[PDB]
Each structure stands twice: as structure tokens, then as C-alpha cells.
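Please read the structure below before turning to the comments.
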Amino acid sequence: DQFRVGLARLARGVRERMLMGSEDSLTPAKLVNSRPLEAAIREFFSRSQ
Amino acid sequence: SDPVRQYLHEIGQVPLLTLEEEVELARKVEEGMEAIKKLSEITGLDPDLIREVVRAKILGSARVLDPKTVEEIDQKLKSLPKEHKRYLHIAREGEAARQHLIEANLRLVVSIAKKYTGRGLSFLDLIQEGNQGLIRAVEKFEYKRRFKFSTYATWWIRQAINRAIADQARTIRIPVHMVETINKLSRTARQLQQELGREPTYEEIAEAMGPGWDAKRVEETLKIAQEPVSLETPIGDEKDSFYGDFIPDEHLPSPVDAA
Amino acid sequence: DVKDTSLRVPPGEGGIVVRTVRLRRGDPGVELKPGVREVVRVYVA
Amino acid sequence: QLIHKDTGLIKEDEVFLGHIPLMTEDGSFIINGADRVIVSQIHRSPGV
DNA sequence: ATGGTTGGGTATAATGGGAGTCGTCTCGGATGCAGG
DNA sequence: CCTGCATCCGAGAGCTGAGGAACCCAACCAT
């Protein structure tokens, strides 16, 4: 469940990068920002009750 | 409640503009500014004072310099024989056009500002700073170039939003340039991690940043970028223990030291 | 121009020192918070 | 895989998504050097 | 006299959001609506 | 006109101990 929340945040970021960026020169590594996913996993394993 | 929907309703209660109306309003504003400077030359007074009194008379009694002096100068402007009351008329029309242009273009501000959420400023603060940038753009726009108003206004709206974020997002204020340094450092570290498959070290971040950057400087920059924590952070499952309950006072002398 | 800030045994504790660990900045796998130079741990049995 | 809707160009890459904690043999986790257990939760089942 | 910090500007066109919360039990008053 | 009766909102719910996301250029005051 926490992984899904982080992945949804990552998808939102990728969508914003798609819309703001230029479609001519794009590769998956530039769009994907894994900071929210790591943040969600850390949040679950460190601060969940 | 929910002030966001309220503001959106007030915003949508004003119709959008077509190209004819927008170019007409921009031309009216430009001619109003020219008429203001011509009137200042004729009467010998400052352009700022005359602009302020003309704006006061346009906005009316609803918007609360004092009535005595503004009425004095407004009557002095009525003392002009001819071909100068015309300049006064174009000045007033240009100010009305400025107001209408800002009101009609308020929606672009919201559309731009909706992409800067989650960076330390609430949505309505972003909207208000975007409005300030929009007012700037109306001030500086030039319709002769046959450019749509949004094209020029977007730059100023973005500038206002970013300057506001860099100025008001942290409890401890950090200068703008060093905020940009922090953001650049974060981006560089993130790309280094993406390429490396693990968190980079300070040496690698320093190498990636470029000349004049070493591990100690990176460490200091990451040190100052720490945000303060709350003295009211709860500790434990029960709502009976806070963070500040564990922090002693070191300033006041103890009874032993006083004795 | 220096003063004592040493680590001492709290009241009611003590025992035999069985282990010590020193972690310094730059050691492999060491992630010290910024500003911290080194960490010393003592295990007392 | 990034695909163009009209052109049809394809660019494939393997992206590092981060780290996932691993459960030890006995069934616990090592988080920031501390041993931790995730406790199962009981809740109303979804349905009608 | 040097960095540290602050202000202004970038011109194709762009013009109404988003996370969420549903397993408390009572009581006393404030209040609007039903009746006569 | 009066009255009572659903309806809604807000404030309560024991003590102690332990727990932790643009960039550039140009000028201006501080020291």
C-alpha cells in the first residue's frame, strides 16, 4: 500500500515532466524521479505506528 | 469555508477577453501613461503624485495623501483650458483599462500557480504572488509587438512566484543565490544517485558540481539547508509527551552556581 | 581555552567495559549527519 | 519504455527506483541499524 | 576592496484544485420547523 | 400569535512511569 502511494506520486511527477518538457528529446531516465517513492518507503518503515 | 473555491468563483465571475478587447485595453493603458507624463510636464508636478491622485479618483470613495490635497490637485487639473483636459480624460481611461486588464487576466495566474504546490507556500499565497507578477506584467507590456498578453505575462508571473518561494518558504531566511545553490546541489545529487545505483558521496557531488567545489563546501552547504524541527513534535504513541519536554535550559544559572 | 565535555558513567550504572566502536567520516558505509566528525560507542557489561 | 504516440519511436531504459528493506530469516527488519517488527492489522473487510 | 546579498528582467502561446472520510457516546444549549 | 420537538454543533471523557523542481546580469552595502 505504501509502495502504491509512492508510485502514484512518482506517476504524477512523470506526467508533469511530460507536459512541461519537450517531446523531441526524451528518455525514461530523465522523466522518472524516485524521490517520492523512497520517501514513502522510509516513512512507512521509520514512522508508521 | 474553503476559500479556494470562493476565490475561483469570484475569478470566474469575470468574462475572458478576445484579441480586440485585449489590444484595445493595452493601447488605452499606454496612451494613459503617455497622457500622465504629458500632464506632469504641463503642470510641473511629479508623475507619481499625479498618477496616484488620478488613480484615487478613478477607484472612488470605496478605497480609502488625504482628501484635501487630492481634491486640491484634482481642481488644479480642472483649471486647464483645453487640449489638456483631453490628456486627463485619456489618463482616466487608461487607468480604467489597466484595472480591467488585470481583472480579466487573473485566471492565467491561477493556471500557472497550480504547478508550484508542495514547496513551502500554500496555494492562495502562490496565487497572490502571481497576481503581483501579473500587475507588473500589465505595467510593462507593449502591444505594438503584436504579441498575445499571456506570452509576456507568464514570465513575470513565474518570476514573482519563484522569488516568493525563495523568500518566504523557510523559518530561517536564506539569501536567494544560496537557495539556488541548494536546489542545484539537490538536482546534481539526485542525478548522480540515479546514475550510480546508490547514494553519492560528498566527493562525487563536489566533482559533479564543478570547479571551486570540494567535500567540505558540500558538507557546509548541506548543513545550512537543514530546517528547524518543532518543539511540539509528539513523542510516543500517547498524546502526553512532546519534544520540548526533553530540552533543558542552559542560560539561567543553576542554584549551585548562584550559591 | 578548552573545557571538559567528556562522557561519564551516569549515577547508578557501571560495570566492565567490553567493547568500543569508533566511526569516522570517510569510512566505508558510514553516513554521519552533517557537521559530525566522529562517533564513539562504549559497551559496558 | 517510452513510446511516441504518432511517430512510434521506442526508447527503453532500466531506471534505478531506490531501495526496499529486506526481511531477515527470522522475520524482522533492520531499519537505521535497529531491529523492527511490522505488526499485522485487523480491520473491517471490504464488501457489501 | 572583496565577496555577500538584493533587485530587475527574460516577448509564440499558455486563462477555475485536490486530498479525502467515512468503527464514539453523551449532554446541553441554539436553532428552525411542525402543530394548535 | 404561542408552544414543543427534531436537528446540529461543540466540548468532555483517571493517575503515574517510560518513550524520539531557472538563470542571468548588474549594482549596493557589510565588513
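Excluded from the calculations below are hydrogen atoms, water molecules and symmetry mates; all remaining heavy atoms, backbone and side chain alike, are included. Residue numbers start from 1 in every chain, and the chains themselves are labelled A, B, ... in the order their sequence lines are given, proteins ahead of strands.
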| Quick one: do the B/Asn131 and B/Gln128 side chains pair a donor with an acceptor below 3.5 Å? | yes

| request: Could you list the residues that satisfy salt bridge (charged side-chain N to carboxylate O under 4.0 Å, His left out) with B/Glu220, not counting sequence neighbours? | output: none

| query | Is B/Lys223 atom NZ crowded by more than 12 heavy atoms from other residues, nucleotides or ligands, each under 6.0 Å away? | reply | yes

| With no hydrogens and no angle check, do the side chains of B/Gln168 and B/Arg163 hold a donor and an acceptor under 3.5 Å apart? | no

| query | Tell me the salt bridge (charged side-chain N to carboxylate O under 4.0 Å, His left out) pairs involving residues 86-103 of chain B, sequence neighbours left out? | reply | B/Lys28-B/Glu93, B/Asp74-B/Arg92

| task | Would you please test B/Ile205 and B/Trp213 for side chain to side chain contact (heavy atoms under 4.5 Å, CB included) and show each step? | result | CA-CA 9 Å; B/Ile205 291 162; B/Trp213 273 90; over 6 Å; no

| query | Quick one: does C/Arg25's side chain have a donor or acceptor within less than 3.5 Å of a partner on C/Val36's backbone? | reply | yes

| message | Can you tell whether the side chains of B/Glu219 and C/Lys33 come within less than 4.0 Å, N to carboxylate O? | response | no

| query | With under 30° as parallel and over 60° as perpendicular, where do the rings of B/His84 and B/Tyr87 fit, or are they tilted in between? | reply | parallel

| Side-chain heavy atoms of A/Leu10 within contact of A/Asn33, under 4.5 Å | no

| request: Taking atom types as modelled, find out whether B/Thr69 and B/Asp66 have a side-chain donor-acceptor pair closer than 3.5 angstrom. | output: yes

| field | Main-chain N/O of C/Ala45 paired with C/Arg19 side-chain donor or acceptor, under 3.5 Å | value | no

| query | Would the number of heavy atoms belonging to other residues, nucleotides or ligands and lying under 6.0 Å from CZ of B/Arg107 be above 12? | reply | yes

| message | If you count heavy atoms of other groups shown closer than 6.0 angstrom to CZ of A/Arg12, is the number above 12? | response | no

| message | Checking A/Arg42 against A/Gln2 for the side chain to side chain donor-acceptor pair (under 3.5 Å) test, could you report, in this order, the C-alpha distance in whole Å, the side-chain angles of both residues, the deciding distance, and whether it holds? | response | CA-CA 10 Å; A/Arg42 255 195 284 107; A/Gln2 284 318 107; over 6 Å; no

| query | Are any non-hydrogen side-chain atoms of A/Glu38 and A/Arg35 less than 4.5 angstrom apart? | reply | yes

| request: Flag the pair B/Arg198 / B/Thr201 as yes when at least one side-chain heavy-atom distance between them is below 4.5 Å, and no otherwise. | output: yes

| query | What orientation do B/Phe141 and B/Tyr152 show, parallel under 30°, tilted 30 to 60°, or perpendicular over 60°? | reply | tilted

| task | Would you please name every residue forming a side chain to side chain donor-acceptor pair (under 3.5 Å) with D/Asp26, sequence neighbours left out? | result | D/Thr24, D/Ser28

| message | A quick test of your reading: do over 12 heavy atoms of other residues, nucleotides or ligands sit less than 6.0 Å from CD of A/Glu23? | response | no

| task | For the residue pair B/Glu30 and B/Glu34, establish whether any side-chain heavy-atom pair is separated by less than 4.5 Å. | result | yes

